[PDB]
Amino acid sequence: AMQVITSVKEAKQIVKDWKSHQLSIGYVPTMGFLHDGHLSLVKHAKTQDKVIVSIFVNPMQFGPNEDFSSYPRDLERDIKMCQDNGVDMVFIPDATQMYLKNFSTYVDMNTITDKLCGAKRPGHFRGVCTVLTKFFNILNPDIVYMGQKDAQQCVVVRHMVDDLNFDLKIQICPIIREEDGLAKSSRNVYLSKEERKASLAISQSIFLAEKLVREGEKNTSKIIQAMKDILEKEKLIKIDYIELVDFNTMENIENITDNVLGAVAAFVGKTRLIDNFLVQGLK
């Protein structure tokens, strides 16, 4: 049996009871409208005794120029998918449970978040860090499962966890893709037929770049140009950024040594999509 919980007080009691039986807790934070990407995280979380999925379209991490109002929402779909995939609790708080009238506290940081999407989305990572601090305090998980698809987010959260001494682990999981390469995302629902066809250039640029890197290419300027050439063939695509950075610091790399995070963000029509590849432990 799976519990669908909307109350903070109630979620805390359930977690407290699990702890009293020394049960481990795996946690998958999401914004709902679930897909196979989220399910791959749940599957990893099943290594723990109990699995929690949160579904919360967090208003703090959206700006007015973004898509808070149109963000896909379908709780019936999500609940069914969690039920069918062995989730123990679905935590679906509404914003009035999470952010009371006098709420004014926040968590933020002075490194990492100023690069990539963080530079393009003022206030976004403050929203992410703040809401996850709350969820982590409420749910007291042992391992938190997050997708490599939001690479910078993984690094930001890992850093917050280290800096603030959260007694938990962040486990990063691989990007799950559609049959034709497109990284799975709830935002893919926005794409028209023509836009979806164009969006494939994003994953194609990622596939090429990773192939070049693994074949010994160290010049990031050259890799980026090769990626740009693919993307520029699609008139529906407006590049937001293409960057090859150090995976630990998010700082730009001119010449690759031990690691590289190659990240792309682009608008396909109005929809902002992201994708990346990550290579570590190069000689």
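Just count from 1 along the sequence shown to find any residue number.
For the pair 155-163 and 95-103, the mean B factor over Cα atoms is greater in 95-103. For the segment pair 21-29 and 261-269, the entry gives 21-29 the higher mean B-factor, averaged over Cα atoms. Highest C-alpha temperature factor among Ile52, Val245, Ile239, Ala226, as the PDB entry reports it: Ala226. The PDB entry assigns the greatest CA B-factor among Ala45, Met60, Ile256, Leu34 to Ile256. The deposited CA B-factor of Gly147 belongs to the lowest third of values across its chain. Ranked within its chain, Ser205 lands in the middle third, by CA B factor from the PDB record.
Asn140: CA B factor lies in the middle third for its chain, per the PDB record. In the deposited entry, the Cα temperature factor of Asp88 sits in the top third of values across the chain's modelled residues. When the CA B factors of the chain's modelled residues are split into thirds, the value for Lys80 lands in the highest one.
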